[PDB]
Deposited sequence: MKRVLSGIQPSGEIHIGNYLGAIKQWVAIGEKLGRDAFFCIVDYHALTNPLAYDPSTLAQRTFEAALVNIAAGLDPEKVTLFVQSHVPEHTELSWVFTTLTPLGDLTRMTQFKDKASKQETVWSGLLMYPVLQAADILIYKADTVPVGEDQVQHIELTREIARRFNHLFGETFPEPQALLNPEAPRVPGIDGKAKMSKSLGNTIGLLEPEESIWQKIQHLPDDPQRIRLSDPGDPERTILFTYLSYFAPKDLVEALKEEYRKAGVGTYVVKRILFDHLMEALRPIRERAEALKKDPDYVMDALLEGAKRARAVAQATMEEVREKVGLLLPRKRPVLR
């Protein structure tokens, strides 16, 4: 990988599943690539649900997403963090890709079928979002994009558009490859019913109140989830020695639950402390997004100027 583009949903709600999976990979990406580790908070994705999203809070949700992911490890002094709508060039590139995309490629997308099934009105944003994503990826000439097992379909589309474009107008874009995280754990929710995710109740937030995290730890179900969580936050030695004793009067649930709460909160302490530091200096976050936009915008304009020329538009 030479340039990576990672999308960050416009939300301040972040749980241990995110942090343990994707976020650690993102940080690793920031360590290999530097300013070329592009992180984009996709605030324009909020609009795909016209009536359900809330215009009065989108700004705070977008800002909060920057604060928390920064607190979680994305270092503005080392990477490139910016807000999707702060670099308008990509919606222009988006129109160009729309002309190069067969309708059938969009209507068959699994995410569209499924969502345009649980809706009494199919808004076009639902159908076209993937084209906007391809534009976000290709305007930065990104060659690698970290995605989850269930979001790889838009990268295939992005590759198809790149090929169709290169073919019609000349070699311009790379064919992005999806970067998966097989090594990361599949964090189960606070109830064995599924996996952790905002949509469900299932989560433990990095910045959740301590009492709340405690209640969730106690109300955990049996088989074992308690030990899965413990293996994520405590040394292997202490963990295997606890599970051996678990079958007998040496160690009993309540006690392993405390060991978990303590180890979990210590892991989150570095994060929570930055969170409060960043909440005390809001301008730090605004300045990081500003500098990040400058950098991405310089790249996007170069790309956009190359695209305008190749598709043949009259230049002023």
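Residues of the deposited sequence with no modelled C-alpha atom fall in the ranges 224-237, 331-337.
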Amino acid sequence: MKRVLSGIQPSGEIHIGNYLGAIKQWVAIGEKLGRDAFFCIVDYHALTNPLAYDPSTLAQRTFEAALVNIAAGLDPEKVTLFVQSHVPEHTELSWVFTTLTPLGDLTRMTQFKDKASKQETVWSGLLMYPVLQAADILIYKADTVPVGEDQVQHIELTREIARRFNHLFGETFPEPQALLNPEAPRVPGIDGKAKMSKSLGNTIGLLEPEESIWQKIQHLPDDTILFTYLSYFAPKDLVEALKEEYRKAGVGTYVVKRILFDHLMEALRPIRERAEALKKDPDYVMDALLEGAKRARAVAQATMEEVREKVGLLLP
From here on, numbers count along this sequence of modelled residues.
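Remark: stretch with higher mean C-alpha B factor among 36-44 and 248-256 is 248-256. Stretches 87-95 and 119-127 differ in mean CA B factor, with 119-127 having the higher one. Residue set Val79, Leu157, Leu138, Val239: peak C-alpha B-factor at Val239 (per PDB entry). Highest CA B-factor among the listed residues (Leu168, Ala178, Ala71, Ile190): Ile190. When the modelled residues of the chain are ordered by C-alpha B-factor, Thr303 sits in the lowest third. When the modelled residues of the chain are ordered by C-alpha B-factor, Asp150 sits in the highest third.
In the PDB entry, a CA B factor belonging to the middle third of its chain's modelled residues is recorded for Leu5.
The entry lists a Cα temperature factor for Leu200 that places it in the highest third of the chain's modelled residues. Per-chain ranking of the deposited C-alpha B factor places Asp222 in the highest third.
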